[PDB]
Every structure is written in C-alpha cells, then in structure tokens.
C-alpha cells in the first residue's frame, strides 16, 4: 500500500568505495527513538550498493523490507534509491534517470572527480523536493 522512499543519494563511483555527494532521507515513517539507527543503516546500505555497482549497471538490491535501486552511469556518478520492497520499479528507474541527468548537467565532472570529500556546491536541492513528491506512485 504505502510505497515510500526513505532515501535518495548521488555518489561518485570511485575505486576504494563510492563517495556520497548529496543525500536526503524520510525517516518520518519510523519512531523518533530509532531514527538514528535507521538513518545510519540507510547511509551504509546506500554506500554499499553504490560501491557494488559497476559503470552502466542498473540493479535493485533487496535488504530486509527495503530495496536499493541503484544505477551507476559511465560519466562517473551513481544514483541510489532506497524504497519499500514493493515500490513500483519503472517509476523508480525513471526517477534515477531524472536525478542523474540533472546532476550531470548541474555539476561538471571537474567539480567532484577529484574530491576527497563532498561540499555544499556538490549538493542537489531538488532532492528535498523529489523525495516528498514521488512518494506513493
């Protein structure tokens, strides 16, 4: 029923492991008490599936009751959506392509290709909106 999106993030596919450049979550579905551990899980889960994903590869990893939709583009970045196990796939993949197309336009490669960490100029504000908007397709 309630097909939610708990996380959306953009990573830079690197060697060691992907670097999260911009992220947003929606933990309003959990208790105020555990929104700390749940958040931590999301971050770790997102990074884990971003590092596992090769360039030009799209996959959906199942972890418990969540699903990590991830797509690593050739240009070097990788999008990750952590939604409910039964969140509609097609809509999910369409959002990843939207986020990735827009991010690649907004932040040229030289802005994040060689950064040890992320910064404000590498953040994507539209996410704040996309995570709420695309809830329950």
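Considering each residue of the range 63-78, count those that are free of Cβ contacts under 8 Å to residues at least 40 places away in the same chain, touching a helix residue (DSSP H, G or I) at 6+ places or on another chain (Cβ under 7 Å) and in a strand (DSSP E or B), and give that number.
Counting residues in the range 63-78 that are free of Cβ contacts under 8 Å to residues at least 40 places away in the same chain, touching a helix residue (DSSP H, G or I) at 6+ places or on another chain (Cβ under 7 Å) and in a strand (DSSP E or B) gives 5.
In this structure, does residue 130 turn out to be in contact (Cβ under 8 Å) with a residue 40 or more places away in the chain, buried (at least 16 other Cβ atoms within 10 Å of the Cβ) and closer than 25 Å to residue 2 by Cα?
Spelling it out, residue 130 is indeed in contact (Cβ under 8 Å) with a residue 40 or more places away in the chain, buried (at least 16 other Cβ atoms within 10 Å of the Cβ) and closer than 25 Å to residue 2 by Cα.
Report, by residue number, each residue of the range 93-108 that is surrounded by fewer than 16 Cβ atoms within 10 Å (Cβ to Cβ) and touching a strand residue (DSSP E or B) at 6+ places or on another chain (Cβ under 7 Å).
Passing the criteria: only 104.
Just one of the numbered conditions (1) under 19 Å from residue 12 (Cα atoms); (2) in contact with a helix residue (DSSP H, G or I) (Cβ under 7 Å, 6 or more places away or on another chain); (3) in contact (Cβ under 8 Å) with a residue 24 or more places away in the chain; (4) surrounded by fewer than 18 Cβ atoms within 10 Å (Cβ to Cβ) is not true of residue 111; which one?
For residue 111, the exception is condition (3).
Pull up the range 13-36, narrow it to residues that are more than 21 Å from residue 132 (Cβ to Cβ) and touching a helix residue (DSSP H, G or I) at 6+ places or on another chain (Cβ under 9 Å), then point me to the one that is surrounded by the most Cβ atoms within 10 Å (Cβ to Cβ).
Taking the candidates together, the pick is 18.
Let's see how each residue does on (1) loosely packed, with under 11 Cβ neighbours inside 10 Å; (2) part of a loop (DSSP other than H, G, I, E, B); (3) touching a strand residue (DSSP E or B) at 6+ places or on another chain (Cβ under 9 Å); (4) free of Cβ contacts under 8 Å to residues at least 40 places away in the same chain:
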site: 42; (1), (2), (3), (4): no, no, yes, no
site: 45; (1), (2), (3), (4): no, no, yes, yes
site: 48; (1), (2), (3), (4): no, no, yes, yes
site: 58; (1), (2), (3), (4): no, no, yes, yes
site: 61; (1), (2), (3), (4): no, no, yes, yes
site: 80; (1), (2), (3), (4): no, no, yes, no
site: 91; (1), (2), (3), (4): no, no, no, no
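Virtual Cβ from ideal backbone geometry, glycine too; neighbours counted across all protein chains shown. Rule-based calculations on the coordinates, nothing more; no lab input.
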